[PDB]
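# Architecture at a glance
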Amino acid sequence: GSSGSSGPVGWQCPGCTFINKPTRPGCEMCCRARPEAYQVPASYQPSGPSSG
Ligand SMILES: [Zn+2]
């Protein structure tokens, strides 16, 4: 495969290669379901704001 290809986050749509957030199991462009094969880093958050 590719040596050191971490790149940006999110799973690249297996159809439109649309780097979709690691929290969105679906696509936005071709709304093509997320490829189960892919792997998401458990214990992940949308990085929401805090401190009111
Ligand atoms: Zn897509």
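Up top is the structure these notes are about.
So, here is what we can say about the structure in this document.

Conventions and cut-offs
- Residues numbered from 1 in each chain as written, not as in the entry; some residues may be left out.
- Heavy atoms only, no water.
- Helix = DSSP H or I, 4+ residues; strand = E, 2+ residues; numbered from the N terminus.
- Rg over C-alpha atoms; globule rule 2.2 N^0.38 Å.
- Buried < 20%, exposed > 50% of the residue type's maximum accessible area, 1.4 Å probe, protein only.
- Contact = heavy atoms within 4.5 Å.
- Areas by Shrake-Rupley, 256 points an atom, 1.4 Å probe, with all protein chains shown as cover.
- Donors = N, O, S within 2.8 Å, 3.2 Å for Na, K, Ca; no water.

## Examining the overall build of the protein chain
Assigned secondary structure in the protein chain consists of zero helices and zero strands. The C-alpha radius of gyration computed for the protein chain amounts to 13 Å, which surpasses the reference 10 Å derived for 52 residues by more than 25%, pointing to a less compact arrangement than a globule. Taken along the three principal axes of its C-alpha coordinates, the protein chain extends 40 × 30 × 15 Å. Split into buried and exposed, the 52 residues of the protein chain put 13% on the buried side. For the protein chain, the proportion of contacts with a sequence separation of at least 24, taken over those separated by at least 6, is 8%. Of the roughly 4,200 Å² of accessible surface on the protein chain, a fraction of 51% belongs to carbon and sulfur atoms.

## What about the coordination of the zinc ion?
Protein-derived ligands of the zinc ion are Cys13 (SG), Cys16 (SG), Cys27 (SG) and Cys30 (SG), with the metal-ligand distances lying across 2.2 to 2.4 Å. Mapped onto the polypeptide sequence, the residues donating to the zinc ion form the spacing pattern C-x2-C-x10-C-x2-C. Judged by relative accessible area, which is 25%, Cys16 ranks as partly exposed. By relative accessible area, which is 1% here, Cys27 ends up buried.

## Side note on unusual backbone geometry
One non-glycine residue with positive phi stands out, namely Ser47, at about 60 degrees. The phi torsion at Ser51 lies on the positive side, around 55 degrees, for a residue other than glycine. By relative accessible area, which is 76% here, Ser51 ends up exposed.

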